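The chain below stands alone and is given as structure tokens, in the form deposited in one PDB entry.
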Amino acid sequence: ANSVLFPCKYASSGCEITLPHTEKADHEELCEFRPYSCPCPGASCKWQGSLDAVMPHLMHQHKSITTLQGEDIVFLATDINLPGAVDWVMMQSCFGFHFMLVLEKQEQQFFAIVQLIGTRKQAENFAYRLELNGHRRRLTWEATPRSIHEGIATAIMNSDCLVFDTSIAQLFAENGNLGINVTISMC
């Protein structure tokens, strides 16, 4: 016996991965059989469950989330010049899936990102485009949406999203509101 492979802690729900102790914890954070937590930003909701329980949870506990149908929308964040840590959240539905669109203002910079209510593998089929439009000015960010399984905190932390500041916001804002064009496509 030269060494031992240990089963993923999520084997009980179907995971078949068995690995050395040194690369076990790494897998378990990434593992698809890990429970899903609440995709809403912040910690005021500590819910957890199955992927197909996520939308029901949002529909019961977070009824105030604005939702639009379509692959092309305008996400109009109102009151952008508010001081401090502020969030704007909405749902976009298209291609039979639901996407969470998030704009975060940190106490100052703005971070805008899109996440899929779905698995990491599902997220790979999609591209999103965020674009800010002004008079003969356009800033565009394009990327693969994150799965809510992974979340957006790490991405935001490494600026792996649309990142702009309050000065840039002024070039694109109208009446203290910023219209962000969001397009989702299958690639």
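C-alpha atoms forming the largest set that superposes within 1.5 Å between two forms make up the rigid core. So that there is no doubt, residue numbering starts at 1 and follows the sequence shown. Residues that one form lacks are left out of the comparison.
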query: Interresidue gap class [residue 107, residue 108; deposited sequence, unmodelled]; finding: 4 to 9
query: Of 16-24 and 172-180, the one with larger mean CA B-factor; finding: 16-24
query: Between the two ranges 108-116 and 75-83, the one averaging a larger CA B factor in the entry; finding: 75-83
query: Criterion, highest CA B-factor; candidates, 48, 159, 125, 147; finding: 48
query: Top residue by Cα temperature factor, when 43, 130, 153, 68 are compared in the entry; finding: 43
query: Relative C-alpha B-factor of residue 137, binned into the chain's lowest, middle or highest third; finding: middle
query: Assigned third (lowest, middle, highest) for the C-alpha B factor of residue 54; finding: middle
query: Among modelled residues of the same chain, the CA temperature factor third for residue 143; finding: lowest
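The next section is about a form of this same protein that is not shown, the form deposited in another entry.
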| query | finding |
| --- | --- |
| Did residue 23 shift 2 Å or more between this form and the one not shown, C-alpha, core superposed | yes |
| Direction of C-alpha distance change in the other form, residue 151 to residue 32 (at least 3 Å) | farther |
| Relative Cα spacing, residue 23 and residue 150, in the other form - shift of 3 Å or more | farther |
| Moved runs of 3+ residues, each with a C-alpha displacement of 2 angstroms or more between this form and the one not shown on the rigid core | 1-34 |
